[PDB]
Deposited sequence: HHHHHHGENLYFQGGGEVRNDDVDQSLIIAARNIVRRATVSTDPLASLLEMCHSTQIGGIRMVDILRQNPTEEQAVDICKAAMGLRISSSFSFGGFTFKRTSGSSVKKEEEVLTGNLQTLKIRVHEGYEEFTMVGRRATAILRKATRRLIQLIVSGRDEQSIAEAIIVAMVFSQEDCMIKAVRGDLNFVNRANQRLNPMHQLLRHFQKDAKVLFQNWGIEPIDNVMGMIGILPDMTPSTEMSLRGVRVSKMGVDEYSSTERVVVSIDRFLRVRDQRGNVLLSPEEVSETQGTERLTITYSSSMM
């Protein structure tokens, strides 16, 4: 059965990528799902009963008109809100390279768990301010990824002003990602200026925790402001809700929040362990 989940993910990822460049990505996504078999199993029959949670899989489920998790994906991390509330407020911000961006500011205090494939974190934030990030993971790059996503997601001014180039990031249909993803891709390419301008702070030596400096060196006395690494590990309750999906394969809940998009589907591709026919 775990072979089925693994091959279902590879199939959904290939189908979502191909649909994104079609003249009707939604109509093409559906006809491909209905035309693909996994180990002799109709893909639609698996999609109707398999509970594997993965960005591409749920985009397919949304296109099939089925319920998916209420959590949203950003930077590959599943964001599950555990406390607080926010109202979105349009703001024009100025990047460090003197360009304007109209972002939807999450105005409110909120607490999230971020569940990545290789990292987990607890995030507390206010309006355009990160309050606390406790992150765990098994290598540096995995923890850096979580920190970057949280800094970008916080929408802090220091993060906007750490941009050092024009933002021209596009999807596979040759088209500009929304402003949040413009910032994310920029710092995923290089986060040195972000880290160096974020700020550090003295920390209290607490058991099982350690600070992390801008160069991603551990330290016992200082740490990136609000950030701590838990060597013990952060340990993660999914509600399946009705969603909409548009011609760009952007999935939204019934209050307009984008939960998923092709740009949130991993570029990774393993090798299917069961044969996949795209008949």
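*Asks:* Point out each run of deposited residues with no C-alpha coordinates, keeping the order of the sequence.
*Replies:* In the chain as deposited, 1-19, 256-257, 301-304 carry no coordinates.
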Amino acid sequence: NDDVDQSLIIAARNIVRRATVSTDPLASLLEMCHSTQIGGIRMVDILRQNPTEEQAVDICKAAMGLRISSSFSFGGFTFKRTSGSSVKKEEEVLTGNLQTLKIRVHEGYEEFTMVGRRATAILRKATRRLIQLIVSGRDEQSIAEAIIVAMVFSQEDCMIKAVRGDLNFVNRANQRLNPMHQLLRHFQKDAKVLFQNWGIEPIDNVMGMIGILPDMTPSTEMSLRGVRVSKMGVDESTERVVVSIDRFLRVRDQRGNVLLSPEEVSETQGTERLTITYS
From here on, numbers count along this sequence of modelled residues.
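*Asks:* Test of understanding: from the entry's C-alpha B-factors, which stretch has the higher mean, 240-248 or 227-235?
*Replies:* Stretch with the greater average CA B-factor: 227-235.
*Asks:* Can you tell me whether 58-66 has a higher mean C-alpha B factor than 43-51 in this record, or the other way round?
*Replies:* That would be 43-51.
*Asks:* For the listed residues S261, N14, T20, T271, which one has the largest C-alpha B-factor as given in the deposited model?
*Replies:* Largest recorded C-alpha B-factor: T271.
*Asks:* Among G75, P179, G108, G165, which carries the highest Cα B-factor?
*Replies:* That would be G165, according to the entry.
*Asks:* Would you check the entry's CA temperature factor for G84 and let me know if it's in the chain's lowest, middle or highest third?
*Replies:* Middle third of the chain for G84's C-alpha B-factor.
*Asks:* Comparing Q175 with the other modelled residues of its chain, is its CA B-factor in the lowest, middle or highest third?
*Replies:* CA B-factor rank for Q175: highest third.
*Asks:* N205's Cα B-factor: lowest, middle or highest third of the chain?
*Replies:* It falls in the top third of the chain.
*Asks:* In terms of the CA temperature factor given in the entry, to which third of its chain does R185 belong: lowest, middle or highest?
*Replies:* Lowest third, going by the recorded CA B-factors of the chain.
*Asks:* Mind checking which third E156 falls in for C-alpha B-factor across the chain?
*Replies:* Lowest third - that is where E156 ends up once the chain's C-alpha B-factors are sorted.
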